[PDB]
$ cat final19.txt   # compact mmCIF, C-alpha atoms
# COMPACT_ATOMS: atom_id res chain seq x y z
CA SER L 3 0.00 0.00 0.00
CA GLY L 4 2.58 2.56 1.10
CA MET L 5 6.31 3.15 1.01
CA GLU L 6 9.24 2.56 3.32
CA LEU L 7 11.18 4.90 5.57
CA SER L 8 14.31 3.37 7.13
CA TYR L 9 16.98 4.96 9.31
CA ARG L 10 20.06 4.28 11.39
CA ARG L 11 21.49 6.37 14.19
CA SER L 12 25.23 6.71 13.73
CA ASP L 13 26.56 9.59 15.81
CA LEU L 14 29.66 11.26 14.38
CA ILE L 15 32.60 10.91 16.75
CA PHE L 16 34.90 13.89 17.15
CA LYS L 17 38.53 13.19 16.37
CA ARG L 18 40.93 13.03 19.31
CA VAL L 26 37.04 9.91 26.63
CA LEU L 27 35.44 10.29 23.19
CA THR L 28 32.72 12.77 22.32
CA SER L 29 30.15 12.70 19.54
CA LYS L 30 27.32 14.55 17.82
CA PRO L 31 23.80 13.13 17.29
CA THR L 32 23.17 12.11 13.71
CA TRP L 33 20.77 9.81 11.91
CA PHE L 34 20.85 8.61 8.34
CA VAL L 35 17.44 8.33 6.73
CA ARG L 36 16.27 6.64 3.54
CA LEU L 37 13.00 6.74 1.60
CA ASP L 38 12.18 3.87 -0.78
CA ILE L 39 9.34 3.71 -3.29
CA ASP L 40 8.77 1.99 -6.62
CA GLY L 41 12.31 0.61 -6.83
CA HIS L 42 14.20 3.82 -6.10
CA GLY L 43 15.56 5.41 -2.95
CA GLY L 44 16.72 8.72 -1.55
CA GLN L 45 19.01 9.59 1.38
CA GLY L 46 18.99 12.34 4.01
CA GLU L 47 20.80 13.22 7.24
CA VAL L 48 19.39 14.35 10.59
CA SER L 49 22.15 16.46 12.15
CA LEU L 50 21.91 17.93 15.64
CA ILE L 51 24.19 20.31 17.47
CA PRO L 52 23.28 19.99 21.14
CA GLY L 53 22.71 23.41 22.70
CA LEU L 54 22.03 25.00 19.31
CA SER L 55 19.64 22.85 17.23
CA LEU L 56 15.96 23.20 18.19
CA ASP L 57 15.15 19.50 17.73
CA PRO L 58 14.85 17.58 21.02
CA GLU L 59 17.49 14.85 20.70
CA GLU L 60 15.50 12.38 22.79
CA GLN L 61 12.53 12.57 20.41
CA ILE L 62 14.12 12.21 16.99
CA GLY L 63 13.89 8.43 17.12
CA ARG L 64 10.17 8.42 17.90
CA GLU L 65 9.47 11.04 15.28
CA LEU L 66 11.17 8.79 12.72
CA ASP L 67 9.24 5.74 13.93
CA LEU L 68 5.95 7.65 13.80
CA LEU L 69 6.67 8.76 10.23
CA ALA L 70 7.62 5.25 9.14
CA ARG L 71 4.28 4.02 10.47
CA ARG L 72 2.39 6.78 8.68
CA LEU L 73 4.16 6.20 5.37
CA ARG L 74 3.46 2.47 5.45
CA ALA L 75 -0.23 3.09 6.06
CA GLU L 76 -1.10 5.43 3.18
CA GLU L 77 -0.95 5.25 -0.60
CA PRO L 78 1.79 7.69 -1.69
CA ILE L 79 -0.44 9.29 -4.29
CA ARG L 80 0.86 12.84 -3.93
CA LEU L 81 4.49 11.71 -3.82
CA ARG L 82 4.10 9.62 -6.95
CA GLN L 83 2.60 12.58 -8.79
CA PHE L 84 5.48 14.76 -7.61
CA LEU L 85 8.10 12.27 -8.81
CA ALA L 86 6.47 12.02 -12.22
CA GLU L 87 5.77 15.75 -12.73
CA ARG L 88 9.22 16.91 -11.64
CA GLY L 89 11.12 14.00 -13.15
CA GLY L 90 12.39 16.23 -15.93
CA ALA L 91 13.61 19.21 -13.88
CA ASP L 92 15.18 20.85 -16.94
CA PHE L 93 11.70 22.30 -17.28
CA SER L 94 11.41 23.03 -13.53
CA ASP L 95 13.15 25.41 -11.11
CA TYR L 96 14.61 24.12 -7.88
CA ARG L 97 12.58 26.68 -5.94
CA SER L 98 9.44 25.07 -7.36
CA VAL L 99 10.72 21.59 -6.58
CA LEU L 100 11.47 22.61 -3.01
CA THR L 101 8.01 24.12 -2.70
CA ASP L 102 6.41 20.85 -3.80
CA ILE L 103 8.58 18.95 -1.37
CA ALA L 104 7.49 21.25 1.47
CA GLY L 105 3.91 20.41 0.56
CA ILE L 106 4.62 16.71 0.91
CA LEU L 107 6.49 17.19 4.18
CA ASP L 108 3.55 19.20 5.49
CA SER L 109 1.19 16.38 4.53
CA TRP L 110 3.48 13.96 6.37
CA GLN L 111 3.23 16.23 9.41
CA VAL L 112 6.98 16.74 9.53
CA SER L 113 7.94 19.68 11.74
CA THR L 114 4.79 21.59 10.77
CA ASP L 115 5.29 23.84 13.80
CA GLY L 116 8.99 24.30 13.08
CA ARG L 117 10.06 22.34 16.19
CA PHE L 118 12.10 19.70 14.32
CA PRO L 119 14.16 21.62 11.73
CA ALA L 120 16.86 18.96 11.39
CA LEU L 121 14.26 16.30 10.73
CA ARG L 122 12.60 18.56 8.16
CA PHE L 123 15.97 19.01 6.44
CA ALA L 124 16.82 15.30 6.49
CA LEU L 125 13.53 14.37 4.82
CA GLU L 126 13.82 17.18 2.30
CA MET L 127 17.26 15.78 1.42
CA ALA L 128 15.81 12.29 1.04
CA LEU L 129 13.06 13.49 -1.30
CA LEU L 130 15.50 15.47 -3.44
CA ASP L 131 17.79 12.45 -3.77
CA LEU L 132 14.81 10.19 -4.49
CA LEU L 133 13.59 12.53 -7.25
CA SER L 134 16.91 12.51 -9.13
CA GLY L 135 17.75 8.83 -8.88
CA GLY L 136 19.38 8.05 -5.55
CA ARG L 137 22.82 9.02 -6.82
CA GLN L 138 23.38 11.71 -4.21
CA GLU L 139 22.67 14.42 -6.76
CA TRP L 140 20.34 16.57 -4.67
CA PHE L 141 20.86 19.51 -7.06
CA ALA L 142 22.51 18.89 -10.42
CA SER L 143 24.64 21.66 -11.92
CA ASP L 144 28.04 22.46 -13.35
CA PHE L 145 29.26 21.86 -9.80
CA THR L 146 28.17 18.23 -9.67
CA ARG L 147 29.67 17.74 -13.11
CA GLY L 148 32.97 19.12 -11.82
CA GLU L 149 32.84 22.07 -14.22
CA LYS L 150 32.57 24.73 -11.49
CA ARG L 151 33.87 25.21 -7.97
CA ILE L 152 32.79 27.16 -4.91
CA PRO L 153 35.04 29.72 -3.23
CA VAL L 154 35.41 28.86 0.45
CA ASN L 155 36.99 30.45 3.49
CA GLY L 156 39.45 28.74 5.79
CA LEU L 157 39.63 28.66 9.58
CA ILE L 158 42.26 29.87 12.05
CA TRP L 159 42.32 29.70 15.87
CA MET L 160 43.33 32.39 18.40
CA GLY L 161 46.75 31.40 19.76
CA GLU L 162 50.36 32.48 20.19
CA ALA L 163 51.49 35.20 17.76
CA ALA L 164 53.99 32.97 15.94
CA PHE L 165 51.66 29.97 15.59
CA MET L 166 48.89 32.21 14.28
CA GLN L 167 51.40 33.58 11.77
CA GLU L 168 52.17 29.95 10.93
CA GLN L 169 48.54 28.91 10.37
CA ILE L 170 47.97 31.96 8.17
CA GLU L 171 51.07 31.20 6.13
CA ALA L 172 49.74 27.66 5.78
CA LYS L 173 46.30 28.75 4.48
CA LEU L 174 47.72 31.31 2.06
CA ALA L 175 50.05 28.66 0.67
CA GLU L 176 46.93 26.46 0.45
CA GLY L 177 45.18 29.08 -1.66
CA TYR L 178 42.76 30.67 0.81
CA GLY L 179 42.19 34.40 0.59
CA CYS L 180 39.59 34.59 3.34
CA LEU L 181 39.89 33.23 6.88
CA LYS L 182 37.43 32.95 9.74
CA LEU L 183 38.54 33.52 13.32
CA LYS L 184 36.43 33.05 16.45
CA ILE L 185 36.86 35.77 19.08
CA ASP L 189 40.24 38.26 26.86
CA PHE L 190 39.62 41.05 24.29
CA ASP L 191 42.79 43.10 24.75
CA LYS L 192 44.90 40.04 23.98
CA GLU L 193 42.74 39.42 20.90
CA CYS L 194 43.00 42.97 19.56
CA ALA L 195 46.78 42.98 20.01
CA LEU L 196 46.91 39.68 18.13
CA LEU L 197 44.77 41.13 15.35
CA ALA L 198 47.13 44.12 15.22
CA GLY L 199 49.97 41.62 14.99
CA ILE L 200 48.27 39.83 12.13
CA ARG L 201 47.74 43.06 10.20
CA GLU L 202 51.42 44.06 10.34
CA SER L 203 52.31 40.96 8.34
CA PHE L 204 49.13 40.53 6.29
CA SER L 205 47.25 43.36 4.55
CA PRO L 206 43.50 43.19 3.90
CA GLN L 207 43.96 42.96 0.14
CA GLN L 208 46.19 39.93 0.71
CA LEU L 209 44.02 38.48 3.49
CA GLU L 210 40.33 38.89 4.25
CA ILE L 211 39.30 38.23 7.83
CA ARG L 212 35.83 37.52 9.21
CA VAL L 213 35.54 37.24 12.98
CA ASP L 214 32.91 35.30 14.89
CA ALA L 215 31.79 36.42 18.33
CA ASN L 216 28.95 33.95 18.90
CA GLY L 217 27.01 36.37 21.11
CA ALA L 218 30.05 36.86 23.35
CA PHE L 219 29.79 40.65 23.62
CA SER L 220 27.24 42.41 25.82
CA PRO L 221 25.04 45.28 24.64
CA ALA L 222 27.25 47.39 26.92
CA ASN L 223 30.79 46.71 25.70
CA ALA L 224 29.71 45.90 22.12
CA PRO L 225 29.72 49.43 20.60
CA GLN L 226 33.17 50.34 21.83
CA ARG L 227 34.49 46.88 20.90
CA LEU L 228 33.06 47.19 17.36
CA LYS L 229 34.85 50.52 17.00
CA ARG L 230 38.03 48.88 18.29
CA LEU L 231 37.77 45.97 15.85
CA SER L 232 36.83 48.10 12.85
CA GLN L 233 40.42 49.37 12.78
CA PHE L 234 41.73 46.02 11.62
CA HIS L 235 39.84 46.20 8.35
CA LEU L 236 37.72 43.09 8.89
CA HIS L 237 35.04 41.88 6.50
CA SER L 238 32.43 41.41 9.21
CA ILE L 239 31.69 40.26 12.72
CA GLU L 240 29.22 37.44 13.29
CA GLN L 241 26.48 37.64 15.96
CA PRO L 242 28.18 40.19 18.30
CA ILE L 243 25.64 39.82 21.08
CA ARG L 244 23.26 37.00 22.07
CA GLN L 245 20.13 36.54 19.97
CA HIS L 246 16.66 37.75 20.97
CA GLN L 247 17.87 41.31 21.59
CA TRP L 248 16.54 43.00 18.44
CA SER L 249 16.59 46.55 19.76
CA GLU L 250 20.16 46.30 20.98
CA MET L 251 21.29 44.60 17.78
CA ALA L 252 19.56 47.17 15.57
CA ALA L 253 21.51 49.92 17.34
CA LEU L 254 24.73 48.00 16.84
CA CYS L 255 24.05 47.54 13.13
CA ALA L 256 23.15 51.22 12.81
CA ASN L 257 26.26 52.67 14.48
CA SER L 258 28.99 50.10 13.86
CA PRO L 259 31.61 50.87 11.21
CA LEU L 260 32.12 47.08 11.09
CA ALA L 261 29.50 45.13 9.11
CA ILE L 262 27.40 42.73 11.13
CA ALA L 263 26.29 39.26 10.04
CA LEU L 264 23.49 37.46 11.88
CA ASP L 265 23.56 33.69 12.43
CA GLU L 266 21.85 32.42 15.58
CA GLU L 267 19.32 35.26 15.28
CA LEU L 268 17.48 33.42 12.46
CA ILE L 269 16.87 30.19 14.38
CA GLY L 270 13.26 29.49 15.33
CA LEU L 271 11.83 32.45 13.40
CA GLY L 272 8.98 31.66 11.05
CA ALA L 273 6.66 33.26 8.53
CA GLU L 274 6.21 36.98 9.25
CA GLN L 275 8.69 36.80 12.15
CA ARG L 276 11.48 36.54 9.60
CA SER L 277 10.75 39.78 7.77
CA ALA L 278 10.02 41.48 11.10
CA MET L 279 13.49 40.61 12.37
CA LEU L 280 15.21 41.84 9.19
CA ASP L 281 13.14 45.03 9.09
CA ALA L 282 13.94 45.75 12.73
CA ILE L 283 17.66 45.00 12.79
CA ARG L 284 18.63 45.83 9.21
CA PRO L 285 21.82 43.71 9.35
CA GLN L 286 24.51 43.96 6.68
CA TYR L 287 24.54 40.18 6.27
CA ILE L 288 22.78 36.98 7.32
CA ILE L 289 24.43 33.55 7.35
CA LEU L 290 22.37 30.58 6.17
CA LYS L 291 22.86 27.17 7.83
CA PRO L 292 20.17 24.89 6.28
CA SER L 293 20.13 22.18 8.95
CA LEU L 294 19.39 24.75 11.66
CA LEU L 295 16.75 26.52 9.59
CA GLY L 296 14.76 23.52 8.47
CA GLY L 297 16.22 23.04 5.02
CA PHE L 298 16.79 24.49 1.58
CA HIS L 299 13.20 25.58 1.01
CA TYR L 300 13.30 27.73 4.13
CA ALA L 301 16.91 28.86 3.65
CA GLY L 302 15.96 29.85 0.13
CA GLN L 303 13.08 31.94 1.43
CA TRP L 304 15.47 33.67 3.83
CA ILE L 305 17.70 34.53 0.86
CA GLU L 306 14.83 36.10 -1.04
CA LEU L 307 13.89 38.11 2.04
CA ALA L 308 17.46 39.38 2.27
CA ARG L 309 17.68 40.12 -1.45
CA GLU L 310 14.44 42.12 -1.26
CA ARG L 311 16.03 44.35 1.38
CA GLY L 312 19.54 44.62 -0.02
CA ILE L 313 20.98 42.43 2.73
CA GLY L 314 24.01 40.30 1.87
CA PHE L 315 24.39 36.63 2.66
CA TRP L 316 26.46 33.48 2.44
CA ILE L 317 25.87 29.83 3.23
CA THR L 318 27.74 27.70 5.72
CA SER L 319 27.89 24.17 7.03
CA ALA L 320 26.79 23.25 10.54
CA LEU L 321 28.95 20.25 11.38
CA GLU L 322 27.06 17.80 9.15
CA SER L 323 28.70 14.64 7.81
CA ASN L 324 29.94 14.61 4.23
CA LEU L 325 26.43 13.60 3.11
CA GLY L 326 24.86 16.79 4.40
CA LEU L 327 27.90 18.78 3.33
CA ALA L 328 27.55 17.55 -0.26
CA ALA L 329 23.86 18.45 -0.34
CA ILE L 330 24.53 21.93 1.02
CA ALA L 331 27.38 22.52 -1.40
CA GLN L 332 25.26 21.43 -4.34
CA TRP L 333 22.53 23.85 -3.27
CA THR L 334 24.98 26.67 -2.64
CA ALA L 335 26.42 26.24 -6.13
CA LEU L 336 23.03 27.17 -7.60
CA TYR L 337 23.44 30.71 -6.29
CA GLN L 338 26.75 31.07 -8.13
CA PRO L 339 28.52 32.72 -5.16
CA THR L 340 31.36 35.15 -5.74
CA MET L 341 32.18 35.61 -2.08
CA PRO L 342 33.67 32.83 0.08
CA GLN L 343 31.15 30.38 1.54
CA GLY L 344 31.45 28.51 4.84
CA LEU L 345 31.85 25.09 3.24
CA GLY L 346 34.70 22.72 2.50
CA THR L 347 35.97 19.41 3.81
CA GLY L 348 36.96 19.41 7.45
CA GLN L 349 38.23 16.15 8.87
CA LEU L 350 36.49 16.60 12.23
CA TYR L 351 35.26 13.05 12.75
CA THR L 352 36.70 9.56 13.05
CA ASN L 353 33.76 7.99 11.24
CA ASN L 354 32.63 10.40 8.52
CA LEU L 355 31.20 9.12 5.24
CA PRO L 356 33.56 8.63 2.31
CA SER L 357 33.08 11.49 -0.15
CA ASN L 358 34.42 12.89 -3.40
CA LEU L 359 34.50 16.45 -2.08
CA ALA L 360 37.87 18.21 -2.11
CA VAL L 361 39.26 21.67 -1.38
CA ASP L 362 42.31 23.10 -3.16
CA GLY L 363 43.20 26.69 -3.98
CA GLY L 364 40.40 27.86 -1.69
CA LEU L 365 37.78 26.35 -3.99
CA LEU L 366 35.44 23.46 -3.21
CA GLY L 367 34.73 20.93 -5.94
CA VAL L 368 33.99 17.26 -6.66

$ encode --input "final19.txt" --output "structure tokens"
Amino acid sequence: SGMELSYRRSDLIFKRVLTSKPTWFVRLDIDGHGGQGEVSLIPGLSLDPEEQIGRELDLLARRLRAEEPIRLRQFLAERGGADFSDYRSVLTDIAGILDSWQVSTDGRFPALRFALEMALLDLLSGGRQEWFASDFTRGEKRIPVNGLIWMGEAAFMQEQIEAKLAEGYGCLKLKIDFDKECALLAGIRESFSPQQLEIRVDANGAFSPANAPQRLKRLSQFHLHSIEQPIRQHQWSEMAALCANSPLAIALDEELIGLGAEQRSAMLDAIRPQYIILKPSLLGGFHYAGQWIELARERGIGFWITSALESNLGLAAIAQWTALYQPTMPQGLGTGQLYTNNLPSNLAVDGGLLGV
């Protein structure tokens, strides 16, 4: 009568007691073809309650076995071509199916929503892990990506930077106690100019509405591209003042999580950020991340896409989607051997460009 949803929990173990991150691999099978997706959680950040993912998957499997997949079959047939269909339209149809399957219809299980969206995209195109086909998947185009660096001793930081530049990166992300950090940034700028090296810093809500203004003035003198989420989310009024007075561009990240429908435009209208950073697994998928992009475009707000610790399966899907926007600025993607048990992949980074 129905179809089959199967899954396996296989937490990704962080490379060296061992620690791991909750992750499930999901598969949809119907009429001889299958599609794969990944449920990726970041405890303390992702909205999805870890202890309920399993039951949500079991409840969906039961539902899918009990009903005739009439709407899904029509979707697979109608969008089978795709040459004659935009990905925005495909994602809209998928959202309709996910809604009918009662998947995160209240936005409480974004990672699950994303995993199932991934599975349907893969199912539609053949189960070849070609969520979004393009010059990228054919290896005819690459995506510019930024590298990472970590705050440490002056000479080691000089060493990491030298490493990345030799590796081809032109943009590096650094997570940012403050006085030491500024001095280090000053140190960096004496050896590396902005034209030669672009630096984005990430505060992860570390600053307070009090010390933020002065600190943003202080950091703006190092010619940085932008600072990510200066203060903790849910402080629209304070953030709007920071984005209005800061000579350093501000990019929102955590601020987008949990916002839905009209709440999204309301937040953008109120804060008027210079940039927003899209992390699909935290937002509920490509359909929703795509809507965020259109909201930003409508208001002249910049944006870039980044990974959120997913395995190489999720990373591939996100890179394939990102490639559709033909980005000119560095994106937060790229292989990052962080786990001991990641999935084998054909993704590679060289010259600061991500390709297959």

$ closest_atom_pairs --input "final19.txt" --of "segment 272-356 of chain L" --to "segment 82-104 of chain L" --cutoff "10 Å" --atoms "all atoms listed in the file" --output "JSON lines"
{"residue": "L:297", "atom": "CA", "partner": "L:100", "partner_atom": "CA", "distance": 9.3}
{"residue": "L:298", "atom": "CA", "partner": "L:100", "partner_atom": "CA", "distance": 7.3}
{"residue": "L:299", "atom": "CA", "partner": "L:100", "partner_atom": "CA", "distance": 5.3}
{"residue": "L:300", "atom": "CA", "partner": "L:100", "partner_atom": "CA", "distance": 9.0}
{"residue": "L:302", "atom": "CA", "partner": "L:97", "partner_atom": "CA", "distance": 7.6}
{"residue": "L:303", "atom": "CA", "partner": "L:97", "partner_atom": "CA", "distance": 9.1}
{"residue": "L:333", "atom": "CA", "partner": "L:96", "partner_atom": "CA", "distance": 9.2}
{"residue": "L:336", "atom": "CA", "partner": "L:96", "partner_atom": "CA", "distance": 9.0}

$ closest_residue --input "final19.txt" --among "L:120, L:211, L:289, L:112" --to "residue 156 of chain L" --atoms "only C-alpha atoms"
L:211

$ residues_around --input "final19.txt" --residues "residue 355 of chain L" --least-positions-apart "3" --cutoff "8 Å" --atoms "only C-alpha atoms" --output "list in words"
residues 323, 324 and 325 of chain L

$ atom_distance --input "final19.txt" --atom1 "atom CA of residue 163 of chain L" --atom2 "atom CA of residue 219 of chain L"
23.1 Å

$ closest_residue --input "final19.txt" --among "L:15, L:305, L:5, L:195" --to "residue 77 of chain L" --atoms "only C-alpha atoms"
L:5

$ closest_atom_pairs --input "final19.txt" --of "segment 26-50 of chain L" --to "segment 67-73 of chain L" --cutoff "12 Å" --atoms "only C-alpha atoms" --output "Markdown table"
| residue | atom | partner | partner_atom | distance |
| --- | --- | --- | --- | --- |
| L:35 | CA | L:70 | CA | 10.6 |
| L:36 | CA | L:70 | CA | 10.4 |
| L:37 | CA | L:70 | CA | 9.4 |
| L:38 | CA | L:73 | CA | 10.4 |
| L:39 | CA | L:73 | CA | 10.4 |

$ write_last_selection --input "final19.txt" --atoms "C-alpha atoms" --output "short mmCIF file (atom, residue, chain, number, x, y, z; two decimals), in the frame of the given file"
data_model
loop_
_atom_site.label_atom_id
_atom_site.label_comp_id
_atom_site.auth_asym_id
_atom_site.auth_seq_id
_atom_site.Cartn_x
_atom_site.Cartn_y
_atom_site.Cartn_z
CA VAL L 35 17.44 8.33 6.73
CA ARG L 36 16.27 6.64 3.54
CA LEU L 37 13.00 6.74 1.60
CA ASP L 38 12.18 3.87 -0.78
CA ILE L 39 9.34 3.71 -3.29
#

$ residues_around --input "final19.txt" --residues "residue 364 of chain L" --least-positions-apart "6" --cutoff "6 Å" --atoms "all atoms listed in the file" --output "list in words"
residues 153, 154, 177 and 178 of chain L

$ write_last_selection --input "final19.txt" --atoms "C-alpha atoms" --output "PDB file, keeping the file's coordinate frame"
ATOM      1  CA  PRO L 153      35.040  29.720  -3.230  1.00  0.00           C
ATOM      2  CA  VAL L 154      35.410  28.860   0.450  1.00  0.00           C
ATOM      3  CA  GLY L 177      45.180  29.080  -1.660  1.00  0.00           C
ATOM      4  CA  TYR L 178      42.760  30.670   0.810  1.00  0.00           C
TER       5      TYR L 178
END

$ residues_around --input "final19.txt" --residues "residue 54 of chain L" --least-positions-apart "4" --cutoff "12 Å" --atoms "only C-alpha atoms" --output "ChimeraX atom specification"
/L:30,49-50,58-59,119-120,216,245,265-270,291,293-295,320-321

$ closest_residue --input "final19.txt" --among "L:262, L:76, L:363, L:10" --to "residue 174 of chain L" --atoms "only C-alpha atoms"
L:363
